[PDB]
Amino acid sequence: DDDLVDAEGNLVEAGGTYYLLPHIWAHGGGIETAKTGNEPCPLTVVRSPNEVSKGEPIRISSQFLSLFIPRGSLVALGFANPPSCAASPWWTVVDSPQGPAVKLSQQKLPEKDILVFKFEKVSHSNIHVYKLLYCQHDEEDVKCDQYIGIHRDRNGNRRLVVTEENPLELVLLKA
């Protein structure tokens, strides 16, 4: 029943702000946004290519009421300071010709659409590192089997998307 642990070994505080950084420093910086396709503002969730950037502060909220996050629980992830055209700060997974992608929405969202993430601890590490799972509807329910990874588009944006191989890994650094 381990609760999530941050980069300094302390429990992640529900609703608190954290920087989602890669385990391997060489993989880039924190998570932020980019404007792609026909988007009116930055509604595409991406990983900063700047290794010194901590990216945007992210709020992690649980499906359960608690001061902490029970790692086996579903979580919603949102930017503490979302772009202007986003209706709310929460990330969602949207279908596309290229496959499911992590985005921000112009629409108000129902809990079932944002409470679709789950952190999965990686065993081979001295600190607490987590892969990020996406959990689609197992209909009245939901199931966490599909991982989140990176896809660099033609312009160099490192978009967070559902991937088959090579899931990203993260450490949660309290802002």
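Position 1 is the first residue in the sequence shown; the rest follow in order.
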{"property": "Higher-B stretch (mean Cα B-factor, as the entry records it), 135-143 or 121-129", "result": "135-143"}
{"property": "Residue stretch of maximal mean CA temperature factor, 144-152 vs 49-57", "result": "144-152"}
{"property": "CA B-factor placement of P89, once the chain's modelled residues are sorted into thirds", "result": "middle"}
{"property": "Ranked against its chain, the third holding the CA B-factor of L43", "result": "lowest"}
{"property": "Within-chain third of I31 by Cα B-factor, per the entry", "result": "lowest"}
{"property": "Entry-reported Cα temperature factor of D6, expressed as the chain third it lands in", "result": "lowest"}
{"property": "Third assignment of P110 from its chain's C-alpha B-factors", "result": "middle"}
